[PDB]
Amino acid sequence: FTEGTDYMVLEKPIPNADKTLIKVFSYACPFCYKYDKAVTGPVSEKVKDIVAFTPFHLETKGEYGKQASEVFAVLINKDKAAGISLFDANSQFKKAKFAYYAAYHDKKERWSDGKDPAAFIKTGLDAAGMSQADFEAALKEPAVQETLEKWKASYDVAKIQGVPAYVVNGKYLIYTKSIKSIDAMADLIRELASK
């Protein structure tokens, strides 16, 4: 694999990202949906022995970027605390993520274009099986707030080649357009993780 073609080196790395595969994404991004249907799960499963799969949501995209970040931060922290993989059938994050992708991209739902955040939140929480009250309580927790703080770094990473942005060890950003297969992507991630 070749620097400049398959990947690039971030001039400002994502901090505290040792042994991670970070995926910067947005619920509102059609390619994020496409790659999450086709490559994200299989590839992350293949490399789970070397790098921890670590979604980073980009809060600045779409009318409900902030709300989606809140829902995802809450659900990822809950899944992690329960020792549940983010690709597991029982992952609440996974359920919410695909509910938003289906609503936004397949059904063209826009929840009144920013003016109905309660409806947007409901879509994700209902799919995840979480109550509004539980979400509101969980959002106040330090770990959830820490996650939201970490994800602020998504904006500067997204500038390079858009979203999705798959990053190895906070340093090596894969060029999404170069990804040709599950195997090749997993091969690349392993090479990058050995650097």
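Each residue number is its position in the shown sequence, starting from 1.
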Stretch with the greater mean C-alpha B-factor as recorded in the entry, comparing 163 to 171 against 64 to 72 = 163 to 171
task = Taking the mean of the C-alpha B-factors per stretch from the entry, tell me the winner out of 33 to 41 and 54 to 62.
result = 33 to 41
inquiry  = Looking at the C-alpha B-factor values in the deposited entry, which of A96, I121, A102, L86 comes out highest?
reply    = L86
query = What third of its chain, lowest, middle or highest, does the C-alpha temperature factor of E109 fall into?
reply = lowest
ask   = Can you tell me which third, lowest, middle or highest, the CA B-factor of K48 falls into for its chain?
value = highest
remark   = In terms of its chain's C-alpha B-factors, the third that includes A138 is the highest
message = What third of the chain does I179 rank in for C-alpha temperature factor, lowest, middle or highest?
response = highest
